[PDB]
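As structure tokens, one chain now follows by itself in the form deposited in one PDB entry.
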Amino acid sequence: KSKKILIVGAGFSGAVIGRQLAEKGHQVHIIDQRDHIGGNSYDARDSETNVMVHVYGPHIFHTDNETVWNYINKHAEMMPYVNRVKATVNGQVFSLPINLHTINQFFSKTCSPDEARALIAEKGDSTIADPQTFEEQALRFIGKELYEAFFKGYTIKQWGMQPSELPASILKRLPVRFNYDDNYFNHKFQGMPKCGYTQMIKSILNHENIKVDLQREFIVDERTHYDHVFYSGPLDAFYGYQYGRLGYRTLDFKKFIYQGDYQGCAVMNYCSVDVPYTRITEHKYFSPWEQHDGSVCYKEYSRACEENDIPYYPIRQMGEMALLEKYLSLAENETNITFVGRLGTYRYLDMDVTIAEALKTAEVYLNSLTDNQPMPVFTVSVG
């Protein structure tokens, strides 16, 4: 039987789930409260300069998942692109992530890889058995000088808290490299779609069994016209924010135009706490295969997400997790709905992770029709 499907959101989560089910003969209705598709991945051109702007932040595709990589290659031309971030601090410009060039520049040395290991080991504090905090992880592995130059001020700005109050996991992620490789990402596949993510998602949305209505909020009365709802809007918003709002950081993007090359790279971090923006992005450098004389730039400022701001990074401390638990207990009592995505599950997700989870979630719904069982509320562990 051709099931009737409501999908709330036309970002990756919605577009991908809706595409898998269209292909199996289901009638998919995809709604979005915005006047364009794409969700947080939306990009669009600026009038004046013709620069393709990544409107909700630089969106660099990177994955080790060849399945996901092949999927997006059916819907776009993926161009090579290697993210190479610079950082301004202490009247100097550095290479990130921390590598052999950064170390040799910062400490004015000409160390080989093995000499740099010994130098950083000496600066590190190996008397810390298991770093719990962001500060401890930095003091254990990179030492005070590097910590205070590149990490402390940036991290206070980004998070609104002292690094002694943030988890070690945040920094556990970042490569301390003892060679001259300055690719920001380790993933095997990496790039940017030639015509942008909007066009890519438009291709994913281009199927006979998909209708997309824009400028249309979800209304709780609708659910009864559909056999199943996939919801990628905020979990707390779905329940009227009745227990309070899940905490997020948000960003203000302050747009400006320059006639020429404003900074000469896509991403420049400002690691000093005394520079009020976290970074400056110059969007034309995300599309290096194009030429543009004019340039759209963003200064980016991090702040607590208030009622009307777009939620970007989930805070996910005990408070926020306690709040999350209360929304979970209502969710578990639902039937015929599945909460997905960054907003539906209160998790930061990369594009390729979002895509993989959407493929899985469609798969689960297909298998559950074939097994005449019930579709669960979450297809991923969130507790």
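Don't overthink the numbering: it's just position in the shown sequence, from 1. Rigid core: the largest C-alpha set superposing within 1.5 Å between the two forms.
- Coverage remark for residue 130: absent from the model in at least one third of the other entries compared whose chains are built on both sides.
- Look at the C-alpha B-factors of 257-265 and of 203-211. On average they run higher in 203-211.
- Set 309-317 against 237-245 and average the Cα temperature factors; 237-245 ends up higher.
- Remark: of 282, 148, 221, 125, 221 shows the highest value [criterion: C-alpha B-factor in the PDB entry].
- You'll see in the entry that, of 351, 44, 343, 331, the Cα B factor peaks at 331.
- In the PDB entry, residue 26 places in the highest third of its chain by CA B-factor.
- Split the chain's modelled residues into thirds by C-alpha temperature factor. Residue 60 is in the lowest one.
- The deposited CA B-factor of residue 195 belongs to the middle third of values across its chain.
- In the deposited entry, the Cα temperature factor of residue 131 places it in the middle third of its chain's modelled residues.
- For residue 216, the recorded CA temperature factor ranks within the highest third of the chain's modelled residues.
There is also a form deposited in another entry; it is not shown, and the following applies to it.
- No residue of 156, 257, 304, 128 other than 128 has its CA displaced by 2 Å or more between this form and the one not shown when the core is superposed.
- The Cα position of residue 73 differs by less than 2 Å between this form and the one not shown after fitting on the rigid core.
- Relative to the superposed core, residue 186 undergoes a Cα shift smaller than 2 Å between this form and the one not shown.
- Comparing the forms between this form and the one not shown, the C-alpha position of residue 172 differs by 2 angstroms or more, with the core used for superposition.
- Distance between the C-alpha atoms of residue 175 and residue 147: shorter by at least 3 Å in the other entry than in the displayed form.
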